[PDB]
């Protein structure tokens, strides 16, 4: 009911879908400007009718979700609608600038969670009139079932359990984690991608060989270079850079190959080229040749 999704990108669309999938949620997909928001809802819709083509979901529910999602600026969001899940740029200032009113133009009745993957939950919510909590999704947010619950330094446990019940009543498994850089999943998962980059940069193996070896030798559903393309390399570099800045530990130095690629605009799937090139045939070719 009146769920607030700020950010209409890779995962704002997934959280919008994950909430609008169930009974009634009437979800609010907002972005920087109006057309970028409906561009994200259009991608949600084209996916939904590409998924009735293969008959994995009926046609009536596909638009019941798309019609429950209202695109736009924060002008449908900020009528004190409900619990709000920010999915904006992985940058401390932008995550706290927007939250300067998502507590305010909403009634302080509401719950203000952030889907940040490494940032400090406490510093995001440093001056708002009500707690800021962390609800952490994983892409695709409609398929994956884990929700990382992160309590702020002085965030009351009232907010933490009311959001644990929200995820339970959506088919998700809530697990509470104490606030630290990259919490639990990303602090373990992202350096795996960072290490595969180092392995390729230092000529240990090729791109396809790194991803095959992690899939057959460790039974992983996707290799780390594949996984970095799916997440988005700009996000991967931002998470690695937060871990380094917070800890001061060179254990988390981002591999220079990834920063070179992110500077080149090759962020993976969302840009059409990562460690692999994404051809129109829905096929995937390693950049190594």
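Numbering follows the first chain given and starts at 1.
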**Asked** Which has higher Cα B-factors on average according to the PDB entry: 110-118 or 182-190?
**Response** 110-118
**Between 218-226 and 29-37 (mean CA B-factor, as deposited), the higher** = 29-37
**Candidate set 249, 234, 49, 241 [ranked by C-alpha B-factor, highest]** = 49
**Request:** Could you tell me which one of 100, 203, 209, 134 shows the highest CA temperature factor in the PDB record?
**Result:** 100
**Asked** Where does residue 279 sit by CA temperature factor within its chain: lowest, middle or highest third?
**Response** middle
**Message:** Per the entry's values, where does residue 16 land by CA temperature factor relative to the rest of its chain, in the lowest, middle or highest third?
**Reply:** middle
**Request:** Grab the CA temperature factor for residue 213 from the record and place it in the lowest, middle or highest third of its chain.
**Result:** lowest
**Prompt:** When the modelled residues of the chain are sorted by Cα temperature factor, does residue 199 land in the lowest, middle or highest third?
**Reply:** lowest
